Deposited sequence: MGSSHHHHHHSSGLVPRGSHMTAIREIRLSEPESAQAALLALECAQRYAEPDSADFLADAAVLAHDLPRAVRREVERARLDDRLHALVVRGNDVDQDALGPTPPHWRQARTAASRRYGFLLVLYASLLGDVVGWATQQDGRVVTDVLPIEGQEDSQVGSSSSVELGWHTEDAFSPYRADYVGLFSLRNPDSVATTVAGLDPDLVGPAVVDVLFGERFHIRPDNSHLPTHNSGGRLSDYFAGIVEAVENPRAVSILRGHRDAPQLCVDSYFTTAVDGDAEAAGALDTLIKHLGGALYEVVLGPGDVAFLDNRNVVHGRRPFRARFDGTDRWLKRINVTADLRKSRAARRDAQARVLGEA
């Protein structure tokens, strides 16, 4: 049976918006994805992406109503849609590297992730991330266990706003779980301004910080070297005091040189978000969209087997405003930030 509900975290009453698909809704979504996989080259080929926002309207109406409520909820942490069909037998083993992960068997899940994502905005990728793929792959890679990348395992992926340094950072990060046998969690935290000193909040609204590109990062790539060496003074909080946006990276954010008050406010915020971290576990066929304007995210330490049974998610970036990044894209329809 279909159900939807609001799951609170701390004082965030609509932190998590959860939708459970009925079996007919799951079947309808799967049929649409399979039809797209029959009619279009790739989940992020130009032919499909030109049509993606119209085809997304063919998803179940009850689900579209709930996704639309999430899209306009400026206090959302995560929209979670549970109960999509994943045929584990037909999917086959978890690939050993993202370079081997754009498989024929998994295409239908890429298509479905783009269809859900296109209800929230327009899908984008990054030239420096998994060869500029829009639908990317999150799976453990042997040798990457202790790194601060999505392919890590043994070491906690430190929490951050996705692409925090960038004015073109996504509005949503989408995750479609294909398999997660050991129930490994995405970590999530938002700011509760009622748990932080108003003076600290005032400081975080100041353009008193440097957010440098993470290592996962030419007119465009000139700005990337400049962002490292001569970072612009930016705020961590922006917008309305009642609904501030958050932009911070637990490993790549500093106060401006000599701004001790700003250094203090930043470490107060880092301790607050560290303490407020909670978890979202996506079983097979569960999809989450994190509101990247409101939450930082990471991933818990876990034990990868590297035997083809490991955790595997499809991942996507979504923007509310594709047009605003045109200076960083190759042409009108191209979705790859930093391609030209």
{"item": "Deposited sequence positions missing from the model - stretches, numbered from 1, in order", "value": "1-8, 226-235"}
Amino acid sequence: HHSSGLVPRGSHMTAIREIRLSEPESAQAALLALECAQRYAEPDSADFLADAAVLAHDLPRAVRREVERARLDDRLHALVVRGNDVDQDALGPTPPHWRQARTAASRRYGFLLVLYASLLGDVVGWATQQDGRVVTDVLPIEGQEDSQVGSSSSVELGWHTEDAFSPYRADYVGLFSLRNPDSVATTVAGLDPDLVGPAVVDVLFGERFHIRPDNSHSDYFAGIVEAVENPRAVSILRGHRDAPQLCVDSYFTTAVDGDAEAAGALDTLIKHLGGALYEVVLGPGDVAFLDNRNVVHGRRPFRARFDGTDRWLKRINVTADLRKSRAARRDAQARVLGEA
From here on, numbers count along this sequence of modelled residues.
property: Stretch exceeding the other in mean C-alpha B-factor - 59-67, 291-299; result: 59-67
property: Higher-B stretch (mean Cα B-factor, as the entry records it), 198-206 or 123-131; result: 198-206
property: Given 85, 249, 182, 219, the residue at which the Cα B factor reaches its maximum; result: 219
property: Highest recorded Cα temperature factor - choice among 257, 73, 137, 163; result: 257
property: Cα B factor band for residue 286 (lowest, middle or highest third within the chain); result: lowest
property: Relative C-alpha B-factor of residue 317, binned into the chain's lowest, middle or highest third; result: lowest
property: Ranked C-alpha temperature factor of residue 20 among modelled chain residues, by third; result: middle
property: Chain-wide C-alpha B factor ranking for residue 193, given as lowest, middle or highest third; result: highest
property: Among modelled residues of the same chain, the CA temperature factor third for residue 212; result: highest
